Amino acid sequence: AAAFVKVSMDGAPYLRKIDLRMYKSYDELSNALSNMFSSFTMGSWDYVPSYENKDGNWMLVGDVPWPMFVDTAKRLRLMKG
C-alpha cells in the first residue's frame, strides 16, 4: 500500500518524493529525510517538519501517532527556524 508525498526543503534547489509506507516510526522517517537532503545540509538537523492534511492546511509533524499520520499527510515541508 504505497504512500508517496512530495518533500520541500526551504532553500533546497529541488524537491523530492518519499514512500511513507516504507517507514515505521517518525524517527525512522526523520533520519531518512536528513540523508535525502544530506548533500544540502553539509556546508545537526535544525529544521522542523510540517505536513498538509486533506483539507489543505499545514500541521506540525509528530502530534498524531504514526499510523494515522501516513494516511493524513499529502505533502511535506521542512522550515528553517
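One-based numbering along the sequence shown.
According to the PDB entry, the deposited sequence contains 10 or more residues between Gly43 and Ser44 that lack coordinates. Relative to one another, 21-29 and 7-15 have unequal mean CA B-factors, and 21-29 is the one with the higher figure.
Sort the chain's modelled residues by C-alpha temperature factor and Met59 lands in the middle third, per the entry. Among the modelled residues of the chain, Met79 sits in the middle third by CA temperature factor in this PDB entry. Sort the modelled residues of the chain by CA B factor and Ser50 lands in the lowest third.
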